[PDB]
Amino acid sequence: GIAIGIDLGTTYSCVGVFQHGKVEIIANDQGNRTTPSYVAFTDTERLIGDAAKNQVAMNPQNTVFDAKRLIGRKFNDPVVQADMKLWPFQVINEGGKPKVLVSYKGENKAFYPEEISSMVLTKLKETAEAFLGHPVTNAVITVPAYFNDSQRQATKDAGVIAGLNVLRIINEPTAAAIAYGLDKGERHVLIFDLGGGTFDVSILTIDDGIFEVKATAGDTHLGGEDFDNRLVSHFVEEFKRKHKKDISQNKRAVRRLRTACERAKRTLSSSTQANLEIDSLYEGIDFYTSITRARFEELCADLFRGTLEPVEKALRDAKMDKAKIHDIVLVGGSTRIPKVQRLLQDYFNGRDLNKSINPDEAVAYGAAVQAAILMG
């Protein structure tokens, strides 16, 4: 009677199981507790997760990501049409629906967004099966609070394609609240979720175990990727200065620099400096340099400070003052950035923020708790 909880994320996904009184977040084969929502196709194999993201600079047309931006939408949806312009892979109109078109084992192959997502789900499921030592056929899968019926259905369909019985589709902010036991009078909770691609602020009221979404706010195109890109621009300028060379138009160079920037960014959450070392970045030139946390914070200052406007807006929409919020929960990997935590804490006049659960694991953690409840 064992079910898993799955955060099927725009940029990173995560799988947990509640067993013998506690949640285990299941690490992938590289030891990472979260997995990139990436699928890549080569002349010989299909790569999912870390191995797919790792080779993105060498196989841009056939490395698919951001399927969550397509899932449950029609090809003619203006959101899809806008997003298509930003991706290196092809999206085609098949019977009114978007399909990503790739080259795989020497043939053209097209996949629905829910098929791409099913591949990510299948990998997560299989990792859980290896961990537990038996099949897993039940799961709770999470979605953004703003998802419509079509998007929820397509996500549930991804689960069925992956061989799961989907016990429930639950909202991400609700899962995060469940992770912290906030459902166990009225309790008002604010979820601040700054991820890899999206920023969501949710206000929930919880009364006798029942959740009501009181307000949602945010930006569907603000996240960690934007911070990586501020670092990229910075280092593009440093390369123009040290070498009189604009690497800006070499797509591979920019991609490899972005990968290095993401790694450096992560390091800056626990250290005040980070080294970048890119062998042969551009014309056999090694690029060895460094970046301080404080410089990184400056480079992103407008974006970090801008996260407080959706907090204000959500509060206004929920007709609540700051002070009336019982609990604030940090979700999303970008909330590990010290400056983001300071900004939010200062906004809330110094109070404690719920962050003891790794913020990039909290959604899966809550999903895992709820999956076990549903099986009981």
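Numbers follow the displayed sequence, beginning with 1.
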If you count the residues of the deposited sequence that sit between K244 and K245 but have no coordinates, do you get none, 1 to 3, 4 to 9, or 10 or more?
none
Going by the mean C-alpha B-factor recorded in the entry, which is higher: 312 to 320 or 34 to 42?
312 to 320
Selected stretch [higher average CA B-factor]: 286 to 294 or 79 to 87:
286 to 294
Per the entry, which of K214, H221, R258, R152 tops the list for Cα B factor?
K214
Could you say which of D302, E126, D193, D183 has its CA atom at the highest B factor, as listed in the PDB entry?
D183
Third of the chain's Cα B-factor distribution that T63 belongs to, per the entry
lowest
Could you place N349 in the lowest, middle or highest third of its chain by Cα temperature factor, using the values in the record?
highest
Sorting the chain's CA B-factors, does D226 end up in the lowest, middle or highest third?
middle
Quick tally, chain-level thirds of C-alpha B-factors: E262 sits in the middle
Relative to the other modelled residues of the same chain, rank the CA B-factor of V369 and answer lowest, middle or highest third.
middle
